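Every residue, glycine as well, gets a Cβ built from its backbone with ideal geometry; the counts of neighbours run over all protein chains shown. Derivation of every value follows stated rules applied to the coordinates shown; laboratory data play no part.
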Amino acid sequence: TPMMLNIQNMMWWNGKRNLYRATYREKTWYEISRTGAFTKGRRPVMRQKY
RNA sequence: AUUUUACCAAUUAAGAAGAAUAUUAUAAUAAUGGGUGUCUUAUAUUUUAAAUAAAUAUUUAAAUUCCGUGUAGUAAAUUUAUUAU
């Protein structure tokens, strides 16, 4: 398995890509990782001020 | 009458489009694989899968550990955005 072997298969690097990944990723791993922008740590959640 | 010894020296101003829709970086608005001298026929032209990836991250702490390979929303669609004869 390429991921197990730690093979750097990237389209801009060698023109290859692993077949077990998803073609479209809505938000990258960094976007998923950043939790302060996802949870209610300090950010306000309802911008409407009635 | 006859006849001028042997050897030794040096590179510089360039005659005429015989040099530009040029070379490199730079545009954050396009994009189904560009192919001209091409020019029916689609049983014969199908590439999809939750993972670090043509998507790429503002600090020195603590901390697992026999050389600590290491830092968080900054604004919630907010303007750092892969641009372009």
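Can you work out ³J(HN,Hα) from phi for every residue in region A:17-30, in order, using Karplus 6.51 cos²θ - 1.76 cosθ + 1.60 and θ = phi - 60°, giving whole Hz and x for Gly and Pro?
Couplings: 7, 4, 8, 9, 7, 9, 4, 10, 10, 4, 9, 5, 5, 5 Hz.
How large is the dipole of chain A about the Cα centre if only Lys and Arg carry +1 and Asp and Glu carry -1, each at its Cβ, rounded to the nearest 20 debye?
Working: 11 positive and 2 negative charges, 75 e Å.
Once rounded to the nearest 20, the dipole reads 360 debye.
Note down the net charge around A:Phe38, summing +1 for each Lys or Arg and -1 for each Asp or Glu among other residues with Cβ under 10 Å from its Cβ.
On the way: positive: A:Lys27, A:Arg34, A:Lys40, A:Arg43; negative: A:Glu31.
It works out to a net charge of +3.
Which values of log₁₀ I(q)/I(0), to two decimal places, follow from the Debye formula for chain A at q = 0.21, 0.24 Å⁻¹ with a uniform point scatterer at every Cα?
-0.87, -1.00
Would you kindly state how much longer the chain becomes between A:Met4 and A:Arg21 on full extension, computed as 0.36 nm times their sequence separation minus their alpha carbon distance, in nm to one decimal? Let's see the in-between values first.
Working: separation 17, 0.36 × 17 = 6.12 nm, distance 1.32 nm.
Here the segment from A:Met4 to A:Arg21 would lengthen by 4.8 nm.
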